[PDB]
Every structure is written in C-alpha cells, then in structure tokens.
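Visitor: Just passing along the structure, written as structure tokens.
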Amino acid sequence: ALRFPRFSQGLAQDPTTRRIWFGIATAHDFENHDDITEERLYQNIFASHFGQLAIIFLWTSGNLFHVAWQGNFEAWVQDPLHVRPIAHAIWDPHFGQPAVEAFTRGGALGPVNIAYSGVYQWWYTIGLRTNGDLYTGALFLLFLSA
Amino acid sequence: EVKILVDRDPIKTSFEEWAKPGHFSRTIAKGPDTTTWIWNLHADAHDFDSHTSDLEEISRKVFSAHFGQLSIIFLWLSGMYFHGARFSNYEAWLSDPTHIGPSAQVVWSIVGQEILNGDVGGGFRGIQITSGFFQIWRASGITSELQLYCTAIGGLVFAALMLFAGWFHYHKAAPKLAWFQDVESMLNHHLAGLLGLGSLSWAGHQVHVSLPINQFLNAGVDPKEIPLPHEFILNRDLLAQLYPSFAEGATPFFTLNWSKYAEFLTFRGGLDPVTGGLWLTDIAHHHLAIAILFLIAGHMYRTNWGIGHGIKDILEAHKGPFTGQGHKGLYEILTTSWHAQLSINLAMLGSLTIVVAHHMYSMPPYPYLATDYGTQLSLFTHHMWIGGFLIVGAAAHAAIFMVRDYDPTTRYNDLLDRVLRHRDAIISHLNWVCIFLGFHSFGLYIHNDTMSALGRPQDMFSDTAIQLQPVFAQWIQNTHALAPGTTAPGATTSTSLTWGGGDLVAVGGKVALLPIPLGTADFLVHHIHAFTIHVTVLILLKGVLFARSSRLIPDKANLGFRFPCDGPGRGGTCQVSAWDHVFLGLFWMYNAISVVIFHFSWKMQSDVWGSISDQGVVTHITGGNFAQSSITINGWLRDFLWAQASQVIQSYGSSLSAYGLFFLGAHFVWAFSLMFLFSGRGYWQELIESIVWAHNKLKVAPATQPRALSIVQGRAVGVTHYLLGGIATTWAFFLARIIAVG
Amino acid sequence: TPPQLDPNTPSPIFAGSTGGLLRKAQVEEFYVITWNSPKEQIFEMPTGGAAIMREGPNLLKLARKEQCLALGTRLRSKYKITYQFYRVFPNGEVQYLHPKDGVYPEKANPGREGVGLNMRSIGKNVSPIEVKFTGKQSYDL
Amino acid sequence: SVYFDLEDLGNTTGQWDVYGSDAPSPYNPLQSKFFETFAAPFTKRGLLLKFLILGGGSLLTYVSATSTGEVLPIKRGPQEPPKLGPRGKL
Amino acid sequence: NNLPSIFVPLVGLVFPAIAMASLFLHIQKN
Amino acid sequence: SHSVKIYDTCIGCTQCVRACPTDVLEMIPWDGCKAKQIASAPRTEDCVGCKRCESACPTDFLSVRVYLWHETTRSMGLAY
Amino acid sequence: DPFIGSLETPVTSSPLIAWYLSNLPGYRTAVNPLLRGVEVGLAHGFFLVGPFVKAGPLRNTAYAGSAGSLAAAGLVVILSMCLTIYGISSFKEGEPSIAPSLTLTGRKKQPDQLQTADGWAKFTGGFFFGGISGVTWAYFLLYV
Ligand code: CLA
Ligand code: CLA
Ligand code: CLA
Ligand code: CLA
Ligand code: CLA
Ligand SMILES: CC1=C(/C=C/C(C)=C/C=C/C(C)=C/C=C/C=C(C)/C=C/C=C(C)/C=C/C2=C(C)CCCC2(C)C)C(C)(C)CCC1
Ligand SMILES: CC1=C(/C=C/C(C)=C/C=C/C(C)=C/C=C/C=C(C)/C=C/C=C(C)/C=C/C2=C(C)CCCC2(C)C)C(C)(C)CCC1
Ligand SMILES: CC1=C(C/C=C(\C)CCC[C@H](C)CCC[C@H](C)CCCC(C)C)C(=O)c2ccccc2C1=O
C-alpha cells in the first residue's frame, strides 16, 4: 500500500527483490488487486481498450510517415517489378565505411532497409500515388489516436 | 603381523536366492506393490554399503566383483583376438600397410546390408576398423594367424580361470577383514610385483622377439620368409649376425661394461623415418629403466620385518610451515571407508588417461600409426571422454563419503575441519574467477564477430589487427627445440617434432609430423578451455563442500544423499543434494570435452595433416584456414560445422551410409532427452490416471498399479539420453569425415 | 511455566568460522540457545565444523530458529540433554521461545488453546466463486 | 570466556569499524579553503542532478550535430557507384 | 535537415537514462 | 506468513508435530477420537513451507493443510 | 568473537594493511566528506583518462587522444549520476548517521557523517569536481 505495488500490500511488505519482479507481472490482473469491485474492473477494461486503440493508430501513423519521408514510393509506382521498396533510413555511429557503401540500395543516397511488410502494394492498389496522400493519412491517424 | 586369514564356506551356493528377486534388501524382498519397485530393484543392486554394516562382507563382495570384471575384460580381449584371426585382412595389410585399410568385421547378407562391405583393399570386403589393433600386432612381431588363434584360446582360458577364482574366493575361502586392512604389503606387492616385474618381462620380450622381427620387416623381407620367433632364441648365430653384442652373452651385464649393449639399447629419440614411429630400442631401454625403478621403489614400507617405513608414522611425524600437525587421523579414514579410496583412484585414473591421450597423439609409439589419421582421432577422442567421465565420478564418490561416512567424534582430522570452516571464501573466489574468465574469453569472440560484421577488420583481436601472442608457450617451444644441443647431450634429437624447430617427417607420401605454430587463436582457445575447466571445478567443489549442511538448510545430512528437494517453502529448495550437483556438472564436462575435441580436430586437419608431392610442397587438408577463421563464432559454424559435414550427409548409397544413419539417430535421441528435462511428474501421473481408467473399463487392469517415474529417475534418464545423443552425433560425424577424406 | 533468564552463561570452545552472524543480527534479530551438559564432549555445529561443549551450562548464539531447533533435536536425540532457546531483539528484549508450557509440543497438555481448526472434511470447502469480491478465502471460512 | 552481554549489544552483535580512523585532517588549510569555496555550487543534490542531466544531454546533442564526416563514417556517406539487385532490381 | 543526427542520440541514450533514474527513484521511495 | 489449517479427520498420531523443523504445531486434548487429542498450529508466523507435516500424515487426504501466502524474512529462510 | 561470520587472517589483520587502509581517504572519519571526495575523484579521473585514448575507435588518427579525453569526462558525469540517486534513495533529510558507533577496541567514537544526506551530497560534489579536474590535468600533461 506504500511501496511500488500500490495495488497489493502483500507484495509490498516483503523486503526481497521479488517484490519488484512480481510487481510488473501482476499489473494487469484486475481481479487480484485488493478492494476490487465489478464496476472498477469493467471501467478499467474500457480504458485499456481505448489505450490499445490509440497505440494501434499511432503505430500505423508512424509507419505511414516514415514510408512517406524516407521511401521511394513515387519511383516505385512507375516500375513496380524493377524497384526495391524502402522502409526507413539507417543512422548508426558504429557503421564502418564498407557497411555504409554496401547498405545503400535502391535510389537512396544512404543506407536504407528494404521493406518486406508489403505495404507498398497494398497502398498502390487502393489508389495512393503521391507522398502528400501518405502525409495526410498520417495526420488523420494521429488525430484519431488523440 | 602379516598373515593369511580366511573363513571357510561363509556362504552356500544354491539357486533358492535366484528365484526371489531383491533378496539383498528386505523392503525390496517384501514384494512388488507398484511398478516403482522394479525401478528400485536395479538402483540398489550394487550399493553394498547399504545392504549391511559389516566391513567384511562389503570387502568380500568388492573382491568378487573385481574378479568378475576381470573375467569380462578377458572375454572381450579373446573376442577381439579371434576376430582378428578369422575375419580380417591382416596378412594382406602386413605387406602393404600404406595402401590397405584395416578391417576385421564382415556383415551378413540378409536384408541388403551387404553394401556395408566396402572395398577396404587387399582382395577383401568389410568394415574399416579404427581400434589400432593392427599396429599393435605388427609392433609385437605377429606375422601369422595361428598365433592370434592361440592368443584367443589363452584369453578364453584366463577368463574361465578368473570366473572360477571369483567363485572360490566368495563361496569357499573368503579373506577376513584384517587381510584387506594391510596396505603396506599390498603397496609393496603392487609396486614391486605387478608393475616392475610385468614391465621387465615385456622388456625381455621386446629384446628377444620384437626387435629382430621388426628389423627384418623394416629391411624389406617378405613376412612369409621371416624366421619364426623361437628360431632367434634357439639359434645364436642368427642373433650374432643381427646384433654382434649377443655373441658375448650375458658376461657384460655382470662385468658392468654395459656399453657393449649400445647396439640395441639406444638414446636417440625422434621418429623412425621408415615407419613414422618411435624407435623400438628406445622403448626397450625405457621399459628396462622403468622396471629397475619400480623394483627399487617397491621396498619402502615395513611389512613383517624390522626394515621399512610406516605410513601412519610418516603421516603423523609430518611438520611444515603451512601444514602444522595436519595429517594425524587420515590413516584411519583412508583404511576405514571404500568411498574415499574410490574417489582418489577415479581422479588419478582420469588425469592419467588425459595425459596418456596427449602423450600418445604427440609422439606416436606404433609403426604406421601417424599416417593413419582415423586411428589417431578415435584414440584421442575416446581417451579424453573416458578421462572426463572418471574425473566426474571422483567428485560424486567424494560427496558420498562426506555425506555418509564422516563423523568428527571418533575419527577427527584437523585439515578437513579447517577446510570446512572457511568454505564461503573458497566458493566466492572460485565464482569470481569463473565470471572473470568467461567474460574475457567470450567477449573477445563477440567483439571479433561484431567488428567483422560492421566492416571493421582492423579493430579485431587477430594476428593482423590486435595481436595477443602466447609468448610463454613460444619460449617453452624454443627451449625444447634447443634442448638436445646443450642441455641433453645424451639425446641425438628432441623428444617430439611438435616443438618449433627441426625437420618434417613424412611416410609414404603422407605427412607424419611437423612443428606446430602457435598464435592468437591458440591463446583464445586455451583461455576458453581454462574457463570451462574452472566452471566444472566450481560446480563439483560447491557440491562436495556443502553436502552436510548449508545456511538455507541446516540439517541436510539427515535427508541423505539422493533426495529431490526439501519442499516448496523457503522460496523453493529444488536440487539441493550433491547428486543434483553431479548431474549438473555432467553437462559442463560434456561441453568442455566437446570443445577440446573440436579444437584438436580442426587444428590437426588445418596445420599438420596433409600430403606431399615429389617436388617438396605440402598441401594440407583444409589449407591452413585455422589461423584466420577460428577467431569468430561464424567462422566456427561455417568453416567447420557446415564445410566438414558434406561427407556425412552425402554418404547415402555407399559403404559409409551407416554412419550417416547414426548422424540422424543420435539427433533424435538428443531431442528425446528434452522431454525428461523440461517437465514434471504430476502431469504424467494425472494422464496415467485417465489411461488406467480406460484400461479398467475393459478388465485389463494390472495388479502392479502403473506409476510415473520419480524425480531423480527422470533427471537421470534425461541426462543419460542427452549425453548419449551428443556423443553419438560427434562420433558419427568425426568417423565419416576422417574416413571419407583421409 | 515461568520463563527463565540467561545472565552470564559461558560459551563452547570454537575456533571461529565464516558461517556466523551477519548484519541481520545487528539490524533485525538473533537467537540464543542454552543447555546443560554433564561432561565435556565434542559436537558438530550447524554452521560447519566441530566444537567442544564445556561441562555445566552452555550458551550459543545463532541466526535463525531452524538452526537452533536442529541443534536442540540433535542434542536430545544423541546426548539426552534438555535445552531451551530465546529470541533477542536489537533493543534488548529477550523473548522465551522454546517450550512455552514447560512441556514438549509432542505431548498433549491440558490448558492449551486450539488455533486453526476447521470442523469439516477437506472436501467441504466452498468454491472460489462463492468468496469472490471479498477479502476472505474459502479455507478461512 | 563470555560473549553475550545484555547491557550493550554492539559488542555482542559485532558492530565495529575495522579500518576507521579518527585522526585530524592532514590537508593544508589553504588548499582546503580553496576547494571548499570553489566546489560549493555542486553540494545541492537536486540541482546537481538537474544540471548533470541537462548538460549531458545538451553536450551530447551538440557534439553529435556539429561533428563532421572525417570522424564519423556514417556522415561521410557512400562513394562507390551503386549496384544492381539479383534479378536486375534497382 | 540532419534530424537523425540529433534525434537518434536523444532516444538512444538520454531518454533511457532519465526513465531509469525516475523509475528507480519511484521504486525505492517509501 | 503462510496459513496452516487442521481438520477434524485427524487421529492424533503426532507425526506432524515431530516433523516440523521450526516448532509450529503442538498437540491439545480433544474428544472425538480414540487418541483423545488433536493438533494445532499456534506459531503460524514461524512456518517456512517445507510441507513435511503433509508428508507425514496418514489419511485419505491430509488433515493438515499448508497454503502459501505473503512472504517475509522468516518465511523466506534468509540469514543475511 | 568466534561466533561472528568473520575470520582473522594475516592479510585481513596486519599493522601494515590496517595503517594503509585507515590512511585512505574513504576511511578518514574526522575529515569532512568534501575533501575526501575531491581526492577520490581526482585519482579516478586521472586513471580513467588512459584506456579511452589508448584503445578508442579513433586511436590511430590525429584526433585520437583529444576524443578519448572527452569520452573519459563523459564517463565521470555518468558516475556522478550513479552517486546522486544512490543518496536520494538511501538517506533521508532528518535521520542521523548509521555508521558504527564503537571501534574494534571498544571505545566510543563519533559516527561518520558520510552516511548522511549532507555528507553524501558533499562527497558527490567533491567527486565530480575532482574527476573533471583530474581528467583535464591528465589531458594537458599527456598532449602538451
Ligand atoms: C568482455 C570483454 C570485451 C573486451 C575486453 C572488449 C574490449 C574492447 N572493445 Mg569490445 N565488445 C564486447 C566485449 C569486449 N570488448 C562485447 C560483448 C560487445 C558487444 C557486441 C563489444 C562491442 C564493442 C564495440 C561496439 C566497440 C568495442 C571496442 C572495444 C575497445 C574499446 C575499449 C574502451 O574504449 O573502453 C575501455 C574502458 C575502460 C574504463 C577500461 C576498464 C578496465 C580497467 C583497465 C580495469 C583493470 C582493473 C585493474 C587491474 C584493477 C586493480 C586494482 C589495484 C590497482 C588495486 C576494447 C579493445 C571499441 C573499438 O572501436 O575498439 C577498437 C568499439 O567501438 N567493443
Ligand atoms: C542506442 C544508441 C547508442 C548510440 C547512439 C551510441 C553511440 C556511440 N557509441 Mg555506444 N553503445 C550502445 C548504445 C549506443 N551507443 C550500447 C547498447 C552498447 C553496448 C554494446 C554500446 C557500447 C559502446 C562501445 C563499446 C563503444 C561505443 C561507442 C560509441 C560512440 C561511437 C562513435 C565513434 O566512432 O566515436 C567517436 C568518439 C568518441 C569517443 C565520442 C566522444 C564524445 C561522447 C559522445 C561523449 C559526450 C560526453 C557526454 C557528457 C556524455 C554523457 C551524458 C549522458 C546523458 C549520456 C558513440 C558515442 C564507442 C566509444 O564511445 O568509444 C569509447 C565504443 O568504443 N558504444
Ligand atoms: C605379486 C603378486 C601380486 C600380484 C601379481 C597382484 C596383482 C593384482 N592384484 Mg593384488 N594383492 C597382493 C599381491 C599381488 N597382487 C597381495 C599380497 C594382496 C593382499 C594385501 C593383494 C590385494 C589385492 C586386492 C584386495 C585386489 C588386488 C587386485 C589385483 C589385480 C589388479 C587388477 C589390474 O590392475 O589388472 C592387472 C591384470 C592382470 C595382470 C591379470 C593377471 C593375473 C594375475 C597374474 C594373477 C596371479 C596373481 C596372484 C597374486 C597370484 C596367485 C596366487 C594363488 C594362485 C595362490 C591384479 C591381478 C584387485 C583385483 O582386481 O581383484 C581381482 C583387488 O581387488 N590385489
Ligand atoms: C570405477 C567404478 C565405479 C564404481 C565401482 C562405482 C560404484 C558405485 N556407484 Mg559410482 N560413478 C562412477 C564410477 C563408479 N561407481 C562414475 C564414473 C560416475 C560418473 C557418472 C559415477 C556416479 C555415480 C552416481 C551418480 C551414483 C553412483 C552410485 C554408485 C553405487 C551404485 C551402483 C549402482 O547401483 O549401479 C547399478 C547399475 C545401473 C543403475 C545401470 C544404469 C544404466 C547406465 C547408466 C546406462 C549406460 C548405458 C550404456 C553405456 C549405453 C548403451 C545403451 C544400450 C544399453 C541400449 C556404487 C557403489 C549411486 C549411489 O547410490 O551411490 C550410493 C549413485 O547415485 N555413482
Ligand atoms: C549458451 C547459453 C548459456 C550461457 C551464456 C550461460 C551462461 C552462464 N552460466 Mg549457465 N547453463 C546453461 C546455458 C548457458 N549458461 C545450460 C544449458 C546449463 C545446464 C543446466 C547451465 C548451467 C549452469 C551452471 C551449473 C552454472 C552456470 C553458470 C553460468 C555463468 C558462468 C560465468 C560466466 O562465464 O559469466 C560471464 C558471462 C558470460 C559468458 C555470458 C555472456 C555475456 C556476453 C559476453 C555479453 C556481455 C555483453 C554486455 C554486457 C551486454 C549489455 C547489453 C545491454 C545493455 C542491452 C554464466 C552466467 C555458472 C555460474 O553461474 O557460476 C559463475 C554455473 O555454476 N550455468
Ligand atoms: C598377450 C596375452 C596373453 C599372453 C601372455 C603371455 C604369453 C605372458 C608371458 C609372460 C612371461 C613369459 C613372463 C615372464 C616373467 C619373468 C620374470 C618376472 C623373471 C624374473 C627374473 C628375475 C627376478 C631374476 C633374478 C635374478 C637376478 C637379478 C640375478 C641372478 C639370479 C636371478 C636369476 C634369480 C594371454 C593369452 C595370457 C591373454 C591375452 C593377452
Ligand atoms: C591399460 C588398460 C588395458 C591394458 C592392460 C595391459 C596391457 C596390462 C598388462 C599387464 C601385464 C603385462 C602384466 C604382467 C604381469 C607379470 C607378472 C605378474 C609376472 C610375474 C612373475 C613371477 C611371479 C616370476 C617368478 C619367478 C620365476 C618364474 C623365475 C625366477 C624366480 C621368480 C620367483 C622371480 C586394457 C586394454 C585391458 C583396457 C583397460 C586399461
Ligand atoms: C515421459 C515421462 C514420464 C513417463 C514415462 C514412463 C511411464 C516410462 C515408461 C517406460 C516403458 C516404455 C513402460 C513399459 C515397460 C515394460 C517393460 C513394458 C513391457 C511390455 C513389452 C514392451 C515387453 C515420466 O513419468 C516422467 C516423470 C518425471 C519427469 C519426467 C517424466 C517424463 O518425461
């Protein structure tokens, strides 16, 4: 009640390190927290659902923004079969010169990663042909997460 | 005093005890209530210390078991000799040893397994053997099969004699307790009689039989034209023509002008150019000297007469700076319990086996042995594994003694108490050493891998970027190379060709031996070896020291030696017994031995073994890629595991196909072991409950109610399957590679 | 029984070891075991090694109750010796721990209060659903 | 031959300093005064923590941003001409 | 531009240190 | 501190009291058995959870039950 | 006391070892923590300067040592952080010192103020200042 596991006094009384280890482990078991009722459990579940939706929308928006900013969508749409899609750029202080020269692929001017997710084809099929569309979609998804 | 004391007919031979199983223990003898009884009947069969408490019966049982083991060993030797005599190509291999592969087994023609009869050579088809028996027989002077048949018959006779002796000494005349407790006479007889006399007789055989026949063979004489061994003894003219010193007879030996025997007793050293092995004269000289040394050393302890030494007096009268009174009550402890002696002998035998493997690979003592690569590899790996297993067993028996035979009231020792009073510091220091060694040794490899993966080959720990050279080993190598010039004037050349410096020795177009270079890779692998050995030592020592009691459990000695746990309390007390410590150290012994054998195999294939053309260039099997590819884990995985496994997986449809099958089968067994190491008993018991219900519905319920295995039994099964699978995988891979490529 | 006191009892002959008291004894608590021996003899300490117990009264300091009880039960089983142990706190309070009624727990004694008794079979406990959303437990009822 | 006293428990439980020393300070008074006057601003704990965090972050960011391509191979970029894919992909 | 050279060190190093310090202080607090 | 409970199926064989390593259980007079006694667990705070009492108990199912609960210094078996 | 979990050995109890350890700045009880922390930080930074400049990624270029020196300073900062939090979670504002009160002989002595909020704060400040000064001195001596 006074230590880190505020939802469980029994786990907060012991002096060993397991109090930390179990504290992370039982944070989502709402039926184990002391002084619990049905109303509180249902409301916490509802709030967790909302948070999960926000996280999903933020993830999709980030993917769209990175593809727009550091990708080659406009070069890929013209020749789909002879262009390798790009996911995001690579910045690494540990890279040597051979790694920098060898990781440059596609039309990029620096090291990049090839996207095996398959979102280029999905976005091309539904009717996106420019970077502005991707930017608008990212903005809309950020608004939805908020 | 020293005397022969026996008891007449202590036991009566009858079959009444054969009918009832488990007669040794009353609990087992009562009868089977569940299936677990069966699993117990084999576990307590050889625990003589638990059947009774009198030392006399235990000693008699031990003596009889030793006799039975000797009989079994003699039977095995006789079988090997008979196979060599009947189904083998020894006579064909004798004439052309370089171009013929030894074989001593023939497979039947029932199913289609006749493809296993490969074309070994010499007009024969069979399985190529790697036991190295042909070289032993050649070095002994055997040139026919009748002698092998006679040896097999003699082995059979000796096995029968050993079995009869065991029966006689258990059921007719059994020695008393005072007979076994006489260690001075036993030591005198084992030193002077068993070792000195045997080596002296073998030296005599080598002088009289092996040397002339081997000289005739090395000259180029056909094996069918060599005179029989007894002709040399009967005809002194032949020996005079061979060695003129024999013309003088035994007069020089008593005349002390021993130089006349310099013809067949030499001190040259090195390898014989014709056969690629040690000189037989040097071997005979060494055996003679060893016989003299053992015969002299066998008269040290006082038995039945005034002259001699007392072991108890030597131990008690010992005074030193760090020791003090020290060894006061060790004699009673060593002469009271069998387990301490068993542990000491097991550790010594394991160390001796490892030393034997090293000395045997370094200096080949048999003719045409260095140029046969499979035999060398098999001998090295086998002896290393045996030594590791013995070293592991020593700690288990030490823990058994400390658990069940230690009492500080009647038999008290100061050194053991002093060691037991500060175990925490020892354990902490060993833990720190293990952590430090592991961190450095593995971090070097991980750093090399990361630097190579980032396109930075100039930042690695290699011979080109950052050099870590074994300076001390190189200094020792140079000293050994320069040894015979000034330090050892008697020897013409150095003991071994391994030392950096000298010439190359090759026999029949194949390299026999050449100096071995040392670099950064050897440094890293040696440190890895040290780390693994230290971790195994830490595990075994922690198991041995904390057997009686611990801070967590203050009364661990009451529970015994083989108990699963104490309970779910105290946070959990699983695997607290010393048996669990041994079961855990088995894994680390396996790991260490696997790493050692991998290092030896790759280094020997890369830097020593190979072929020589007429011009004088040497081409190695893997072309010397050890020094640049073994500094990273990816190199070990690609240039050793991936590259050298081509032969084993492509052996289907050929005479090596069996090996390939094993390369799969062992794998399966390994995975099977996991089932016994990741689960628990309750799930299996609850499943057997439903299975038993399904049986009960159809009136097929057995009286012996099925029960799941105990925890200790499950752990033992898991570790046994793991070890067997891993060892069989390594065996199949090594044999397939070294037979297909060498 | 009235609790006793341990004013100035001596200690057995020990050479010292690393299995002794730690910071918990100075911070939290420790335990003291006292017995009486008729002759001088050697026994085995729970912390490792052997010690010698002087003839007469003997006192010893340990870290946990399990060590005290193990030593006491070994003494009773082997030497036939009566013993008793207390628990000592940093503030100086000494609490009598071993037999509180003056007799060993394995012997039934009148005037003893019963704790933790449930007058039902082990299979008569209610299901966990019946005690849901309350601070009690099924076995407590 | 006694080791348990109820009046005091520091000796009974072993509360000692093995290597503690109570000797006066050997440092020169002038140097001590100089160090005391000059090291004063770092005495406070929260201020020290905030200053350390902010200064470390700002310095690391400034050094990373201002760094040139000679020190960092990543900032230098590729130099060789590009390469084609396995199936002719760009 | 040069945004990665400013943002990668921030997320990689500074933020984990701040989060670790805050979490350790909150956990150890009584 | 763990929870130790005793049920009325006990027959007063005194094995659990002897098996306890921390002196948790004792025996009291009773009325509903031939032995005229029953076990009890007053010193619950000293329980460690070894479950030796359950190991030594003759019944169809144990008349003494141990349920693990909130841990402390004593129940964790710590000497440092 | 034979019943305390510690043993007496020549290494752990010798006049030379005792004198050398008691004269170390970490054991001077009477001195205020700032002067001890300054010396500790100076020594630690001066030692730490070396390996970074001798085995750094840029150790072969002309910038090498300078860069290495910077790295050393950074480490000191991190170490200072690792000190500050250790105080905050350990010592409260009003609690007294928790150091042992009596010496080995048995004499009552004043407890060390290092195990206090103000004492630890002074120690950390002195350590930071001394570490920075030592790093700067090592760099100046090595590359001037
Ligand atoms: C485990 C051992 C290990 C070791 C020894 C090294 C060593 C090295 N690494 Mg590698 N590395 C490792 C594992 C290891 N690595 C692992 C697991 C990884 C992750 C995959 C890496 C990844 C890596 C990277 C990414 C880089 C390196 C690089 C380097 C070098 C940088 C050294 C440095 O700047 O800090 C040294 C700092 C110190 C403070 C030294 C502390 C040790 C002192 C000397 C203690 C000695 C104690 C003394 C005896 C005490 C006695 C007390 C008495 C006086 C009273 C160095 C040669 C860098 C490189 O470029 O080098 C070419 C580099 O960029 N390493
Ligand atoms: C997550 C992101 C991340 C990032 C961006 C870095 C970044 C860097 N690493 Mg680190 N590292 C990380 C995670 C990360 N690391 C992890 C997870 C590990 C464990 C495997 C390491 C282990 C490691 C090693 C073993 C080495 C590095 C080194 C380097 C540097 C390489 C650049 C160079 O070539 O030297 C250019 C020259 C320099 C010495 C830079 C000097 C200036 C620095 C940035 C200090 C600025 C001081 C400032 C007060 C820092 C403290 C503030 C605090 C908030 C952090 C650079 C600072 C190398 C190094 O620092 O050398 C000793 C190196 O040897 N790193
Ligand atoms: C000089 C005579 C002598 C010899 C040759 C031996 C030799 C041996 N003893 Mg020792 N021993 C001796 C004196 C001798 N002992 C005395 C006086 C005592 C009483 C103190 C003992 C007490 C003793 C015990 C308690 C044990 C041995 C064992 C052994 C065997 C070890 C197994 C092995 O290493 O493989 C080497 C293998 C061979 C060389 C086999 C060859 C067969 C030998 C030559 C048999 C003839 C030996 C015998 C002493 C002579 C026969 C006397 C009898 C006919 C009247 C080996 C046969 C151990 C054993 O294995 O038990 C069976 C064992 O448990 N010995
Ligand atoms: C030098 C000889 C030697 C001797 C005489 C002993 C003697 C003894 N040992 Mg020790 N021991 C030794 C070496 C030796 N040990 C070694 C090298 C190790 C390390 C592994 C051990 C480890 C050890 C343990 C872990 C234990 C003992 C125990 C015992 C006692 C019981 C023996 C038993 O019941 O087995 C009877 C035989 C068996 C149960 C057979 C088991 C099946 C084996 C494991 C399979 C091997 C399979 C085969 C190689 C592969 C082919 C497969 C094919 C069959 C399909 C006995 C006094 C036991 C004890 O209780 O001591 C008080 C005990 O728990 N020993
Ligand atoms: C390959 C996997 C594996 C690994 C890595 C380990 C590792 C270890 N074992 Mg375990 N073990 C394993 C499998 C493994 N085990 C299995 C299958 C068993 C059979 C049950 C056991 C049973 C066992 C026993 C019985 C014992 C150990 C012990 C040890 C430790 C040895 C001391 C030492 O070397 O530490 C040094 C560290 C390493 C070798 C681990 C790798 C570290 C590398 C260099 C990375 C470091 C990089 C860097 C710091 C990471 C930072 C990045 C982060 C900031 C993001 C070590 C933690 C021994 C022990 O604990 O005593 C000390 C011991 O007694 N093990
Ligand atoms: C291989 C084998 C075998 C065989 C074996 C054999 C064949 C053996 C032999 C052996 C022998 C055959 C031996 C011998 C020995 C001898 C001896 C041991 C001797 C001695 C001597 C002496 C000691 C002397 C002395 C003297 C002197 C010094 C001087 C003068 C006087 C006199 C003479 C007395 C068998 C089948 C079994 C088994 C299997 C394997
Ligand atoms: C390691 C090993 C092995 C091997 C072994 C061997 C090889 C052995 C040998 C052994 C030997 C090789 C032995 C020998 C012995 C001998 C003897 C024991 C002798 C005796 C003698 C005598 C007794 C004599 C007498 C006499 C005479 C006759 C004359 C003069 C006088 C007199 C009296 C002196 C095997 C593989 C199995 C495996 C396991 C391990
Ligand atoms: C698989 C498994 C079992 C189950 C294993 C069992 C029941 C062994 C079964 C062995 C044989 C196959 C049973 C039958 C043996 C008879 C000899 C069969 C006679 C009939 C003919 C075949 C001759 C455990 O009991 C267990 C216990 C603890 C930890 C892990 C495990 C575990 O992993």
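By convention in this document, the chains of the structure tokens carry letters A, B, ... by their order, each chain's residues are numbered from 1, and ligands are numbered from 1 in the order they are shown.
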Do you know which residues are within 8 Å of ligand 6 using only C-alpha atoms and all ligand atoms? Can you write them as an MDAnalysis selection string?
Guide: chainID B and resid 74 77:78 150:158 197:198 200:202 205
Visitor: Taking only chain G into account, list the residues labelled strand (DSSP E or B) by DSSP (computed from the backbone), as a list in words.
Guide: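 So, restricting chain G to strand (DSSP E or B), we get residues 4, 28, 102 and 108 of chain G.
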Visitor: Show me which residues line ligand 4, defined as having an atom within 8 Å of a ligand atom where only C-alpha atoms and all ligand atoms count, and present them as a ChimeraX atom specification.
Guide: /B:42-49,342,346,389-394,396-397,400,561-562,579,582-583,586,716,720,724
Visitor: Output the neighbourhood of ligand 5 as an NGL selection string, that is, all protein and nucleic acid residues with some atom at most 9 Å from the ligand, counting only C-alpha atoms and all ligand atoms.
Guide: :B and (430-447 or 531-532 or 535-536 or 538-539 or 542 or 581 or 584-585 or 587-588)
Visitor: Can I get the selected residues back with C-alpha atoms, as a short mmCIF file (atom, residue, chain, number, x, y, z; two decimals), in the first residue's frame?
Guide:
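As written to disk, selection-v2.cif reads:
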data_model
loop_
_atom_site.label_atom_id
_atom_site.label_comp_id
_atom_site.auth_asym_id
_atom_site.auth_seq_id
_atom_site.Cartn_x
_atom_site.Cartn_y
_atom_site.Cartn_z
CA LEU B 430 36.07 -19.53 -7.48
CA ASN B 431 32.85 -17.83 -8.60
CA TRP B 432 34.69 -14.55 -9.25
CA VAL B 433 37.43 -16.34 -11.20
CA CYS B 434 34.86 -18.17 -13.33
CA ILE B 435 32.94 -14.96 -14.05
CA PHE B 436 36.09 -13.03 -15.00
CA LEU B 437 37.48 -15.79 -17.21
CA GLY B 438 34.18 -16.34 -19.00
CA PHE B 439 33.59 -12.63 -19.54
CA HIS B 440 37.01 -12.04 -21.10
CA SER B 441 37.19 -15.27 -23.12
CA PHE B 442 33.75 -14.96 -24.70
CA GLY B 443 33.78 -11.17 -25.01
CA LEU B 444 36.86 -11.41 -27.21
CA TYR B 445 34.94 -13.64 -29.64
CA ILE B 446 31.80 -11.48 -29.51
CA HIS B 447 33.87 -8.34 -30.14
CA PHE B 531 37.20 -21.13 -18.28
CA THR B 532 35.25 -24.35 -18.85
CA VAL B 535 33.37 -23.73 -14.06
CA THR B 536 33.26 -27.53 -13.79
CA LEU B 538 33.40 -24.76 -9.15
CA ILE B 539 30.26 -26.86 -9.60
CA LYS B 542 30.31 -26.50 -4.31
CA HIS B 581 25.35 -31.08 -8.32
CA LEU B 584 24.61 -30.56 -13.28
CA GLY B 585 28.40 -30.92 -13.65
CA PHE B 587 26.71 -31.16 -18.69
CA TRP B 588 29.74 -28.91 -18.24
#
Visitor: Would you mind listing, for every residue of chain D within 6 Å of chain C, the two atoms forming the shortest contact and the distance between them in Å to one decimal, using only C-alpha atoms, sorted by chain and ascending residue number, as a Markdown table?
Guide:
| residue | atom | partner | partner_atom | distance |
| --- | --- | --- | --- | --- |
| D:1 | CA | C:10 | CA | 5.9 |
| D:2 | CA | C:10 | CA | 5.0 |
| D:13 | CA | C:26 | CA | 5.3 |
